[PDB]
Structure formats: C-alpha cells, structure tokens
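One chain follows as structure tokens, the form deposited in one PDB entry.
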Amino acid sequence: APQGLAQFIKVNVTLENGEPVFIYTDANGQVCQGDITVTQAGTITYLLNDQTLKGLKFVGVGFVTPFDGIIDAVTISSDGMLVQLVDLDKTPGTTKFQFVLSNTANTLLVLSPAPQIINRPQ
C-alpha cells in the first residue's frame, strides 16, 4: 500500500528581551525559516525544545482560516512536547498557522508568529 512523506522539525523556543523567540530546525540541524511546501500526502511532526524556563507546552495549532482544507488534522501528545499535522495534499493552496502553547509563569496562552504551509498536489 502507498506511503506518504513524514517531515520532522524541531521548534526551539528561547527568550530574548524576556519574550519568546521561535527557531525551527530541520533534520540536518539547520535553522530553517519555517514555511513548508507539501508535495504529497503526509505528516509534519513538530518537537518542542523549550529553552525559556517558562514551562511551555503545546496545546494545539491555530489557524485564521481553519476550514480551508490545507491541513486536515492536528494531533498532540499528552506531555505537550509534540504536535503533528496531517496534510493529505488534495486541496492546493496555502495557509498560515501559529503554534499555541501554555506556560507555567502565567495564564496567558503563547502564540508563535505564523509560518505558511503550501500544498502542491500530485
């Protein structure tokens, strides 16, 4: 049976001037800008590396256009260290998303800036 592609990205979070900075690294340790092109059905797995000392945990992935069909589903691990996106790459187009995280310093949710997902169907 046919298998898609699994992409793996680390979401490193540091503090600069007291506020979070999101740095994505790829499977080669390279800092990457964060946008992703999806060229066939598959998954995107994000691992949190929280270096802020603010107790960050993922609570989900947010979208200003959540019904656009670019991302089919979001899954989250029980410890808030992993989120995975399912992208079946049938609907062509682009969508902006932001990571949503809790923190242990206060009761505000933390939002990343928004990368883009770009779907290029087969």
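Residue indices: 1-based, along the sequence shown. So that the term is clear: the rigid core is the largest set of C-alpha atoms that superpose within 1.5 Å between two forms.
What comes next is about the form deposited in another entry, which is not displayed.
No residue of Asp72, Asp79, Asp35, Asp26 other than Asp35 has its CA displaced by 2 Å or more between this form and the one not shown when the core is superposed. After superposition on the rigid core, the Cα of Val100 moves by less than 2 Å between this form and the one not shown. Annotation for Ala114: C-alpha shift of 2 angstroms or more between this form and the one not shown, rigid core superposed.
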